[PDB]
There are 4 protein chains.
Amino acid sequence: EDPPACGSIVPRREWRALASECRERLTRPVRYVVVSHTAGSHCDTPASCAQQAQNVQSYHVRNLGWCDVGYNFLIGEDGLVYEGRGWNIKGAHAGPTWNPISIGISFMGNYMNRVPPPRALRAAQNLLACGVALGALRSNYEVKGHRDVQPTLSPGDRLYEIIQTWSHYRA
Amino acid sequence: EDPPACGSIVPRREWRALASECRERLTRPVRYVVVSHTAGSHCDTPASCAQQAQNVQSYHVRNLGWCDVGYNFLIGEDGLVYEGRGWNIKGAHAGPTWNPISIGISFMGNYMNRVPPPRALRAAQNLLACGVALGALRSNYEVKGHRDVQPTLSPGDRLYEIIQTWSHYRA
Amino acid sequence: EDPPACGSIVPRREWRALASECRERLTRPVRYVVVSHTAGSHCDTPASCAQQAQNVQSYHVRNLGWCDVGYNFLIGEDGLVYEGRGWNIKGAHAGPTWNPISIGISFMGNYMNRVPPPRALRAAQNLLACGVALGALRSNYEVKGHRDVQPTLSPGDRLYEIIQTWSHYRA
Amino acid sequence: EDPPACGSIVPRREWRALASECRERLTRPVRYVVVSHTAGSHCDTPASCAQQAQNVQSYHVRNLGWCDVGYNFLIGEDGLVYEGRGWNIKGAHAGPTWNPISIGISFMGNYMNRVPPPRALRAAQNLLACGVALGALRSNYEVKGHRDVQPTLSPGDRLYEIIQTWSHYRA
Ligand SMILES: CCCCCCC/C=C/CCCCCC(=O)O[C@H](COC(=O)CCCCCC)CO[C@H]1O[C@H](CO)[C@@H](O)[C@H](O[C@@H]2O[C@H](C)[C@H](N)[C@H](O)[C@H]2NC(C)=O)[C@H]1O
């Protein structure tokens with residue numbers, strides 16, 4: 001019934017992100033969502049996750065030389081979502097074919113033999129519903145696992161197994 | 001005008017590869033080589049390695065819908081090099097910025113907690129030496145680990161540790 | 001295969017096409033689409049365009065000796081798509097290398113100094129979407145300029161600039 | 001900024017439409033499609049037809065005081081479809097009972113003693129199929145004539161007998 005009717009996100013300033021230099025935009029409404037995992041260590045507190053988001057971005061910006069952390073959003077096990085490039089900026093998370101047409105959300109950690117806590121799954125699914133309500137994502141958007149569009153084990157066997165059951169999943 | 005027959009490479013026909021639909025070419029001499037691992041199961045016999053190469057290609061062609069296996073060459077633990085897209089066709093292994101200026105060689109297996117056997121490493125260095133002798137690679141080519149140009153664990157912790165010591169490795 | 005017959009295409013019979021003698025088939029689904037221009041006269045009415053398509057086929061058949069108009073489909077400035085050899089038959093528009101693995105669509109007119117009207121651009125893009133829907137083209141098909149696969153001016157500088165901005169365009 | 005709309009519909013702005021002031025919405029997917037003729041002048045080219053859509057709109061807006069042209073979509077004899085109120089906005093073409101539950105498509109011209117060209121009929125069929133793909137029309141919708149729901153000879157005797165032969169028509 002009123003404008004800002006969706007999910008909470010930790011803003012860039014809050015997790016002390018380096019300023020983005022990316023300018024290429026995505027065309028909303030976006031149809032695809034690609035779920036990946038950072039494949040590294042997980043975090044489970046606002047404190048550790050903010051730090052983890054800073055490290056992921058550092059690697060992408062410092063080492064890979066990218067304009068900003070590749071993901072549009074990051075999901076910490078603290079149950080919070082971390083603002084990446086956002087709903088309107090093209091990400092670098094699934095290749096030249098899917099980057100310009102999807103939203104890349106990455107779960108912080110490695111989920112090959114471990115599943116994310118319920119609160120992390122709720123945060124991600126709450127975020128997608130937020131993207132629909134805002135008009136950032138199509139009402140009939142499609143969820144893919146990173147390994148469905150790129151050769152990689154991401155988002156991890158256990159997590160990949162989870163998203164396959166999701167309402168919007170379409171391999 | 002010197003022609004060296006230093007190719008102990010297993011032809012696509014020999015490992016029963018599906019025909020390639022790729023047509024884009026690489027401009028020789030190529031300056032970079034990006035080393036990755038398939039992060040899948042490894043193989044130590046010509047027979048099992050031809051089969052694993054088939055699987056890797058099947059994943060890329062049938063699941064990802066690609067023209068061919070993304071790597072220019074694959075390295076088996078059987079100590080043999082398996083022909084991928086070859087020296088002249090641009091591969092799909094390190095992104096839009098690196099694919100067109102590099103040769104991607106991938107070790108079949110996951111090297112986070114395993115090192116490839118000496119014979120696999122010998123195969124890879126001999127393959128790169130052969131590339132220089134043919135004119136396909138610059139004599140002063142630079143080797144990069146996959147994780148140095150893209151966010152990923154590839155080529156695995158132990159293998160990455162090994163290639164960082166290589167003469168041609170560059171930050 | 002899939003219920004929806006897609007897009008509005010002017011049937012061969014409607015533009016008074018000479019019967020085709022072509023028999024070689026394409027392998028479904030097709031990966032490539034080569035965009036060309038006829039470099040001939042443009043037409044902006046259903047009548048003038050049915051005539052020009054007849055003229056193009058006439059030149060190809062009667063003067064070049066081809067089994068039919070070499071293009072799989074023709075686009076008119078009248079905003080309609082004119083059926084050539086169709087989705088299932090191999091055309092003659094990009095040479096011995098590409099003809100066997102691509103769909104050739106051609107805009108009727110010379111676009112070195114002119115751009116095709118928006119209706120022609122929309123007709124071309126919906127035809128392709130239709131090809132994908134029909135299973136004739138791969139979901140991840142790639143669009144190429146005629147100049148990218150053969151040494152030619154086709155499809156003309158102005159049109160070439162436009163197809164480069166297309167989502168499925170790959171240099 | 002991505003690929004354009006299906007059915008190759010000439011956008012409002014392309015046929016130089018006055019801005020719409022309508023707000024009442026239909027709840028897609030819609031169950032009915034009512035076919036009428038404008039009983040106005042006919043046109044057979046993109047230029048003439050854009051002018052006629054302007055004429056029809058001008059009459060409904062300037063003279064009848066409507067928020068926009070009554071029809072959701074207009075079909076020209078040039079074989080193109082012209083965007084009227086579109087898929088989401090309730091039209092004014094079949095009265096208070098039928099306007100809120102149907103999509104109204106109108107053939108530009110008088111068809112009492114004339115049949116519209118095959119392409120105009122194809123554009124109409126193509127428009128309806130693209131409505132389902134978009135999710136605006138019920139995958140299994142129903143088609144009615146103007147005289148089947150209102151006391152009028154619209155869409156004309158000739159055009160009326162043709163739509164009766166359609167596969168989605170309902171008594
Ligand atoms: C200039 C012309 C180049 C093309 C010449 C080759 C002709 C035909 C090749 C096969 C087609 C590939 C392009 C279209 C495409 O299917 O995209 C891929 C997405 O999967 C799917 O659709 C799955 C369909 C299922 C969904 C059903 C609707 C990946 O995206 C890929 O696109 C490019 C080429 O493959 C690569 O540069 C890119 O590089 C890299 O390649 C490496 C695998 C690397 N590890 C990286 O992952 C990638 N780069 C980045 C930055 O992520 C790669 O991931």
Side-chain angles (χ1 to χ4, degrees), chain A residues 31-34 36 39 60 64-67 70-71 90-102 104 106 141-154 169-171, chain B residues 18-27 34-39 56-57 59-72 74 84-85 88-102 104-106 144-155, chain C residues 29-34 98 101-102 132-133 135 137-145 148-149 164 166-171:
Chain A
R31 186 182 304 274
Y32 303 98
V33 171
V34 186
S36 74
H60 298 193
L64 307 177
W66 291 351
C67 55
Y71 320 116
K90 193 188 75 172
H93 56 82
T97 303
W98 299 83
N99 286 339
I101 58 171
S102 72
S106 187
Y141 69 88
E142 291 177 40
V143 169
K144 306 270 185 196
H146 191 187
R147 65 174 60 168
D148 288 329
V149 301
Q150 299 273 72
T152 170
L153 296 179
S154 174
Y169 182 83
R170 208 178 157 200
Chain B
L18 295 160
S20 171
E21 290 181 33
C22 309
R23 296 286 182 276
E24 197 135 340
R25 299 179 67 77
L26 276 176
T27 56
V34 178
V35 182
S36 67
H37 72 330
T38 57
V56 175
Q57 177 193 49
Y59 169 40
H60 295 197
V61 175
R62 296 193 174 93
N63 301 314
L64 305 177
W66 299 359
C67 55
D68 191 27
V69 55
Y71 316 110
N72 291 288
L74 293 91
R85 299 195 184 184
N88 318 127
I89 300 291
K90 184 173 53 66
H93 52 78
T97 301
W98 291 90
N99 290 324
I101 61 177
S102 71
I105 71 172
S106 187
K144 318 287 283 206
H146 191 189
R147 66 180 52 179
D148 304 321
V149 298
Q150 299 213 289
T152 178
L153 295 178
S154 172
Chain C
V30 176
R31 186 178 295 279
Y32 304 102
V33 177
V34 183
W98 296 81
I101 55 170
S102 65
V132 173
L137 289 173
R138 301 188 65 88
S139 55
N140 61 334
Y141 72 90
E142 275 167 57
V143 171
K144 286 195 179 296
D148 298 324
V149 301
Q164 280 184 307
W166 287 9
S167 306
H168 285 68
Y169 181 81
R170 298 286 190 273

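A note on names: the letters A, B, ... follow the listed sequences, proteins ahead of strands, and every chain is numbered from 1. Start at 1 and go down the list; that is how both ligands and their atoms are numbered. Side-chain atoms are counted along with the backbone in the values below, which use heavy atoms only and exclude waters and symmetry mates.
Below 30°, between 30° and 60°, or above 60°: for C:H168 and C:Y141 the angle between ring planes is below 30°, a parallel geometry.
For B:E24 and C:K144, the salt-bridge test passes: some basic side-chain N is under 4.0 Å from an acidic carboxylate O.
Listed by first and then second residue, the salt bridge (charged side-chain N to carboxylate O under 4.0 Å, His left out) pairs involving residues 61-70 of chain B are B:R12-B:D68 (not counting sequence neighbours).
Listed as neighbours of ligand 1 are A:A94, A:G95, A:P96, A:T97, A:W98, A:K144, A:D148, A:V149, A:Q150, A:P151, B:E24, B:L64, B:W66, B:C67, B:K90, B:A92, B:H93, B:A94, B:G95, B:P96, B:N99, B:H146, B:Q150, C:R31, C:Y32, C:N140, C:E142, C:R170, C:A171, each bearing a heavy atom under 4.0 Å from the ligand.
When every heavy atom of B:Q150 is checked against every heavy atom of A:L64, the shortest pair comes out as N-CD2, 3.5 Å. Shown here for B:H93 and B:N72, the closest heavy-atom pair between the two residues is NE2-ND2, 3.4 Å.
Donor-acceptor pairing under 3.5 Å is lacking for the side chains of B:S106 and B:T38.
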